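First, one chain by itself: the form solved without its partner chain, in C-alpha cells.
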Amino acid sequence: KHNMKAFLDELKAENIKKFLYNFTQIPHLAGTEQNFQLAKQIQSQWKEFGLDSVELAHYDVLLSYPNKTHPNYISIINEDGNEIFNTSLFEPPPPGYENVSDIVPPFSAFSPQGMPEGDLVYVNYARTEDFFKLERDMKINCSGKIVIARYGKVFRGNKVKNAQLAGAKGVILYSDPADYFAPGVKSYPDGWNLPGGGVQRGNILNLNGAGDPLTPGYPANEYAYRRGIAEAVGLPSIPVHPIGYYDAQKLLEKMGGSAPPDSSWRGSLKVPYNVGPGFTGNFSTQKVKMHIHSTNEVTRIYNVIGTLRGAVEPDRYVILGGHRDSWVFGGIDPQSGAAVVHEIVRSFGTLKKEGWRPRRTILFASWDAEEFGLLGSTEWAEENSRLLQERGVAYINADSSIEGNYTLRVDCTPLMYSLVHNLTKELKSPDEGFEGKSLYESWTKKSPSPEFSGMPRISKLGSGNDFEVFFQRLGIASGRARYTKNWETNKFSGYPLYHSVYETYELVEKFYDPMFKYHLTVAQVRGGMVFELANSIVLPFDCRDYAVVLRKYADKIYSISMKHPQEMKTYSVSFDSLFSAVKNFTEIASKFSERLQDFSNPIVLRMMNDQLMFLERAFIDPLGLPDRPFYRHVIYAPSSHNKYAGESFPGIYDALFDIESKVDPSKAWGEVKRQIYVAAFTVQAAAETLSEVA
C-alpha cells in the first residue's frame, strides 16, 4: 500500500547524512557561482528523484558584500590618530578548511559605508526596554555616540533600528559568552561552543516583509523598475559591524561613565560592563573608529521549484520550502534543513515511480538569498501571488532541522495544531529514556504548554524565515518544526555557532546528531505534515482551535489595556465588539465542524475544503497593518520589537505599546479604538466564511 507509513518508512537517516555532507563542503553564499552550481545540482537530482517538472526561477535583487581589497574593521584610536588596537579581519578557519578561499569575512549585510569615530555607550541587548532604561531612567544620551550591544534576545535588525532612533552614529554587535558559551562545554572544534575569534554574520535590514529593497510589491524580474538606492526599503542609516568576544573585551574593558544599572546588564566577560559614555580617566581621550566599506550590489539569485502534480486536485498546492544559501558552510543553517527536504523529495519520488500521486499538487522549493532578508521566497511569491492566494493550501518551512538535541519545537497556525498533535502521536520518540514512546509523549513532557495540561507548547509565527510572505502577506496556513535545546532564555539568540564559519558538517556529525536520528524525526514531522495536507480527503485543519486561541488573545490584549483604567473610562474604550466577534467565531466554528463530520458529494467536500483553505486568508486585511503594508494578517504579525517573535492582535498591541508616553492621549486612544474595530470586524468576517454559503 501507498499510505503515510510507506512514505515515512522510505526516509533514511543515512541518506540525510550523505546529503548534508554533500551540501556543506564549500561555501554557498547568495549570488555566488558556488550557490548557482548547487541550484543546478538540486534541480538535476529532483528530476532524477521523479518530480514532474523542476525549474529555476531567477531574480535580480539587492545584495551586500564586503570589499575584498578594503576590509571592514574597528579601531581604538588615540588622540594623535594612531590606531592602537584593531579588530580581526577574519575568523580563524576550522581544522582542514584553512585552504577554502571564498569564506566571506564577518560583516553586517546592508550596513552603509562610513568611518564614524566617537565614544562608546554599552546598551546591553539594544532592546526597546534597554534604551528606555538608558534614556528615561539613567538619563544617558546616545546621540552622536557609537553603541555597542550584545547579540541575543531579539533580531539584530531591531537593535540597529533602536540605535538609529536613539541617535547613534554607529553600532558594534558582539557575541557575549553569557549568551553563546554554555558552561562546561568546549569551544569548536572540541565542542559546540563559540570560540573568542568566532563571529555571527547576519543582515540588519528592517524590511517589514517587503522582500528585495528595490522592488517592493513586484518581482525583481528582467524588466522591473527599481527604486533608486535613496528610496530603497529597509536599509540602515548608520554603519554596523559584528565582532567576537576576544575583540569585545578589548573594547569594553576601558569603559567608564555609569555602572550597569543591574545584573541583567552584565555578561560573562571579566569587565565592569559600565554603560559609558566613553572610557575611564586615563583613556578618556581615546575614541573608537569604525571602517565599513561594504557595497550593495544588484545580483542574480536562483530558486529551484519542483512540482509533483496532484491526481485529483492539481490546482491545490501544498508547499515545502527551505533555503539553500548560507553565510559560509551552512552545516546547520540551512543545510540540515535542505538535506531533510532532499530526502523528502526522494521519498515522494519513490512512491511516484510506483504509480502513486498525491491527491493535491506538492511544490518543493530551494529558496535563495534567505540570509539577505527572505529575498528568494518573497520575490517568487510576489510573482505567483494570484496563483498562491487562490490555490495555496499550506506552506511548511524547512530551514535548520536541528538547533539542539533535547526536544521538538513547533510554530504554526492554530489550523494545524490538531494535525501536529495527531502526527506526533504516531511517530516514535528518538529521545534517550523514551524508547517505545511517541514523539508526542516526549515533546509534551519536555515542553509543556503553559495553558493546557498534557499538551505541548506551540508558538506563534512572526518573521525570520521564508514562511513570512506566505503567512503574513498572503494568509496561507503555515508551519515549521525542528529539534531544539533546553535553554529557554536563549530561544531567540541562536545556538552558539549560529552564522559563524564553524557551522560545519563536523559540528553536526560529532556534536549534534551522530546517528542522524533527530534529523530523521524532523523529516518525519515535516514530511508527514506535507503528506497529510496533500493527501487527506478533508483538509486536516480544525477551525475550533482558532476559536480557542482567539479568546486567549482577546483576554490578553484586554488585560494590557486594563493597566490604564482611567483612560479607558475617559475615551470610552470598549473591547465588547472584539469579544462578541470571538464568541460568534466560536459558535459558527462549532456548527461548521458538525457539518464537516456529518456531510459522497464532492462539490460539498470541495466547497467545504475551500472554506477551510480560505479561513486563514480571511484574516488578511488588504490595507495591511499601520505603516507596514506587507504585513496584512490581523491576528498575527512579527513583533515590532523583535522580528523573530510573533505578536497577537498586533494592530491593537502596537497602538497600546508605551501609550502613557504619548503626548496626545486623545489621539493615541482613538487609534486603540480604531484597531479594536478592525480586529472585531476581521474576526467576524472570518467567522462568516464558515457559515452556510447560501
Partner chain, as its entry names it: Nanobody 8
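Residue numbers count along the first chain shown, from 1.
One more form of this protein exists, namely the form solved in complex with its partner chain; it is left out here, but the text below deals with it.
- At a distance threshold of 4.5 angstroms between non-hydrogen atoms, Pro92 is in contact with its partner chain in the bound PDB entry.
- Proximity of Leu165 to its partner chain in the bound PDB entry: non-hydrogen atoms within 4.5 Å are absent; the residue sits far from the partner.
- Although the partner is absent here, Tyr502 is a contact residue: one of its heavy atoms lies within 4.5 angstroms of its partner chain in the bound PDB entry.
- Residue contact with its partner chain in the bound PDB entry: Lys254 places a heavy atom within 4.5 Å of it.
- Stretch 246-254 is the contacting one of 152-160, 319-327, 246-254, 509-517, since its residues have non-hydrogen atoms within 4.5 Å of its partner chain in the bound PDB entry.
- The single contact residue among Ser418, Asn78, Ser258, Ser590, judged by any heavy atom lying within 4.5 Å of its partner chain in the bound PDB entry, is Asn78.
- Note on contacts: among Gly118, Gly197, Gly202, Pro430, the single residue with a heavy atom within 4.5 Å of its partner chain in the bound PDB entry is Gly197.
- In sequence order, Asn82, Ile84, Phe85, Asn86, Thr87, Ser88, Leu89, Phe90, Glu91, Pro92 are the residues of 81-95 having a heavy atom within 4.5 Å of its partner chain in the bound PDB entry; the partner itself is omitted from this view.
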